[PDB]
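Chains as they are written, first to last, in full-length UniProt numbering: chain A, 293 to 327, 367 to 747; chain B, 293 to 327, 367 to 536.
So the structure is just underneath, and the comments pick up after that.
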């Protein structure tokens, strides 16, 4: 029920420009004699010119990488060069920039090597790619470009009766669209890697089809090789729960799950029936706070108490006091919108000091709804390499701990 | 339990550069007479120029060599020219630089010969490979380049019922990745030689 569907992305490393300028230097010596009179002269001729029409050549440094569950033989992408809300050229790479092999979970070329270069737009490798003069002025005035993937073309492998395989005329292109008509797209993002899978779905409109269906918790169990450990789900001894990760929905999927939850009797987003067209992100968190064990924390909290520190639904202490952790910015990445999220309890008042500079130094009271558990989450911006700490502090009157709290990445967020 | 898997590497021997410079020399003689007065002049015109956009052509000296347990018919590598933490061009060699045969434990060309040359980037052998001016200044300021292998493409051999073999459409490329999914890579290095083998393994999962 998982379909082999290899994803390709193109990554930018460096950009080199080059100017088509034209220089010259001439020296002349003249002498004349006439009958008495004479003359002698020394002439210099410096010359510099540039003629528009192919006025600036360029070259780019790229590297291919795979993600998914297939190889991809003879991969060939296409790139679309933007400069400033616009386009400049569109290149399908020639024979010299073909990507030969690509194992799943890998890059091309191999890791201990240098990147790939591309410079021409013709079908045979001639005629270096030009940039006209106004784009050159926009470039030197301070504006920079990026890269963009649009499609790839590659071939799979299949063995005949003869005992070998053949890779010719077997395009992966005409197996793209069919899969994206039937499947749901689930992506995972951990701290170093990312994985994109398509899992098959079940249409409820027409009754003739018989496709076996499941739920999103079982879907993440089946797509990734996930081990059910004691009710939790674990992926390479990394916990993935309905509570220990951060889920991201787009608006149509969010609305479908949200209005489908009300007829359901359980308030879990792991037991919802899977639908046809979805995009579900699951991001792992950076720093976890299970007070029992597995707490990747540099310093340890204050006024803690171990009575059923199981995480959610059993955090079992209601007293007064203070918790505080100071952390410098040196360990974490700068200039990234970090998101801090945890859960609730039954106190009456609690307040949260998040004193991080260049960011939300607003501190608010808790506004606890009831003894039942609800999440809470705030956003902030990371500064640049300061031992001046971010210091989380929670003062409470009616609780000392609730055993779920974390901070996580929320990437694709730089500042300058 | 040992899989035939020939390794190819590219070795650098020498690098030649060449400048696209443009020289000229002119001589003129003038004489004039008018009614009494006269004049006579001798003019020289030295000229030297260079225009960027294909300002420095180059050529490289390479030689192929095998290591492993297979031949490799019609070998064709790709090279990736770095200069200083960067890249300058990427060439899959044309028809004139194909490597024809390669026995295991051998080099191409044979040992009592001179190396191979390559100079062009086009698909048909034209348009010598250019280097722009800043790289030329980095070169003459004292920085040197190297070579790099990324992939090769070659063909194996198989005999049919007809009693001969055929080498066409039988790529070694689509037998690369499968072997590197199942095998362990063991290499030996002695004082003159080196040997790279892949031996098949057993999954315990």
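Yeah, the Cβ is synthetic: ideal placement off N, Cα and C, and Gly gets one too.
Residue range of the beta strand (DSSP E) that residue 584 of chain A falls in?
No beta strand (DSSP E) holds residue 584 of chain A; the alpha helix (DSSP H) holding it covers 582–592.
Is it the case that the Cβ atoms of residue 376 of chain A and residue 504 of chain B are separated by a distance below 9 Å?
No, the Cβ-Cβ distance between residue 376 of chain A and residue 504 of chain B is not below 9 Å.
Mind checking which residues open and close the alpha helix (DSSP H) that includes residue 464 of chain B?
Here the alpha helix (DSSP H) through residue 464 of chain B covers 464–471.
Per DSSP, residue 477 of chain B forms a beta bridge with which residues?
Answer is B/413, bridged to residue 477 of chain B.
If the cut is a Cβ gap below 7 Å, which residues of chain B does residue 325 of chain A touch?
371
Which chain A residues sit within Cβ distance under 7 Å of residue 403 of chain B?
Within chain A, no residue comes near residue 403 of chain B; the closest Cβ sits about 15 Å away, beyond 7 Å.
Taking C-alpha atoms, which residue in A/562, A/521 and A/532 lies nearest to residue 577 of chain A?
A/521
According to DSSP, is residue 297 of chain B helix, strand or coil?
coil
Per-residue burial, residue 556 of chain A [other beta carbons within 10 Å of its own, 16 or more giving buried]
exposed
List the residues of chain B that residue 471 of chain A touches, going by C-beta distances under 8 Å, in chain order.
Here the premise fails: no neighbours, minimum Cβ distance about 15 Å.
CA-CA distance, residue 373 of chain B and residue 313 of chain A?
33 Å
Going by DSSP, name the residue or residues bridged to residue 530 of chain B.
B/294 and B/515
Quick check on DSSP: helix, strand or coil for residue 485 of chain B?
strand
In chain order, which continuous runs of the beta strand (DSSP E) of length 3 or greater are located wholly inside the stretch 401–451 of chain A?
404–412, 420–423 and 447–449
Could you give the DSSP three-state label for residue 369 of chain B: helix, strand or coil?
strand
Let me know the secondary structure DSSP gives residue 554 of chain A once reduced to three states.
Here residue 554 of chain A sits in helix by DSSP.
Residue 728 of chain A lies in the beta strand (DSSP E); which residues open and close that run?
Element bounds for residue 728 of chain A: 721–728.
Reference residue 742 of chain A, options A/613, A/639 and A/619, closest by Cα
A/613
Beta carbon of residue 456 of chain B nearer than 9 Å to that of residue 425 of chain B:
yes
Nearest neighbour of residue 378 of chain B, chosen from A/400, A/316, A/325 and A/323 [CA to CA]:
A/316
By how many angstroms is the C-alpha of residue 553 of chain A removed from the C-alpha of residue 487 of chain A?
24 Å
Delimiting residues of the beta strand (DSSP E) encompassing residue 454 of chain A:
Careful: residue 454 of chain A lies outside any beta strand (DSSP E) and carries neither H nor E.
So does the stretch 630–649 of chain A actually touch the stretch 717–732 of chain A, counting three or more Cβ pairs closer than 8 Å?
yes
Contact residues within the stretch 423–440 of chain A, judged by C-beta distance below 7 Å to chain B:
426, 427, 428, 431, 432, 434 and 440
Which residue wins for smallest C-alpha separation from residue 414 of chain A, given the options A/567, A/594, A/475 and A/500?
A/475
Using the beta-carbon of each residue, which ones in chain B are nearer than 8 Å to residue 502 of chain A?
None at all; the shortest Cβ gap to chain B is about 15 Å.
When the Cα atoms are used, what is the spatial distance from residue 704 of chain A to residue 470 of chain A?
Separation of residue 704 of chain A and residue 470 of chain A (C-alpha to C-alpha, rounded to the nearest whole angstrom) is 53 Å.
Any beta-carbon of chain B closer than 9 Å to the one on residue 496 of chain A?
yes
Would residue 427 of chain A and residue 422 of chain B qualify as a contact pair, given that the criterion is a beta-carbon distance under 9 Å?
Yes, the Cβ-Cβ distance between residue 427 of chain A and residue 422 of chain B is below 9 Å.
Beta carbon proximity, residue 553 of chain A to chain B, threshold 9 Å
no
As a quick exercise: from B/437, B/370 and B/463, pick the residue whose alpha carbon is nearest that of residue 403 of chain B.
B/437
Sorted by chain position, which residues of the same chain lie with C-beta nearer than 6 Å to residue 659 of chain A's C-beta, five sequence neighbours on each side aside?
718 and 720
Return the residues of the stretch 614–625 of chain A that lie within a Cβ-Cβ distance of less than 8 Å from chain B, sorted by chain order.
Cβ contacts with chain B: none found.
I'd like to know if residue 308 of chain A contacts chain B, where contact means its C-beta is closer than 9 Å to some C-beta of that chain.
yes
Grouping DSSP H, G and I as helix and E and B as strand, with all else coil, what is residue 506 of chain A?
The answer is helix: DSSP assigns residue 506 of chain A an H, G or I state.
Check whether the Cβ atoms of residue 310 of chain A and residue 390 of chain A lie closer than 9 Å to each other.
yes
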